[PDB]
């Protein structure tokens, strides 16, 4: 039906009005959904995302924009540092993508390439992974646990926290966290020795997978 097409194509006009003239951040985000899922025009999706993140500071737009920057989508040059900036905005400004954005901030900061000297910044990684971990993002809890198992030039090893975040990871589903947590309770590495729980943790780890 040509009316259904017409009513559909008019949603774009209305979203353009709300975005380009009222500057409604949610209007701009609606426009993006439209440009991606209906028109499949990612180069135009990119421009709106750019406006909506940089000018309107819309969290979910910043997230999506960072995702585009990782691969160079919609005409954007592939750019990890910009991806990082966008994910930082989205993690900080609360939205539906924040938790996922926080994990990404931790990962990139841990790994270091986007830091101003190219080195790891585990201090920053910890703060952003902590938010992610408390929101249920299992890899944040694990990557955070691993940081405390290992330690590094400016980041001391700490079994107490290592065990704590292994536990949160193991709760949420993570095999290697249950296994690492088992040999901490069995030994008493930064936690009081408990051999019943240690056997439980080993069993939880074999059970998972």
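Numbering follows the first chain given and starts at 1.
Per the PDB record, of the two stretches 28-36 and 145-153, 145-153 carries the greater mean B-factor over its C-alpha atoms. Comparing 173-181 with 42-50, the stretch with the higher mean C-alpha B-factor in the PDB entry is 173-181. Sort the modelled residues of the chain by CA B factor and residue 193 lands in the highest third. In this PDB entry, the Cα temperature factor of residue 127 sits in the bottom third of its chain's modelled residues, the lowest group. Annotation for residue 15: CA B-factor lies in the lowest third of the chain's modelled residues.
Per-chain ranking of the deposited C-alpha B factor places residue 117 in the highest third.
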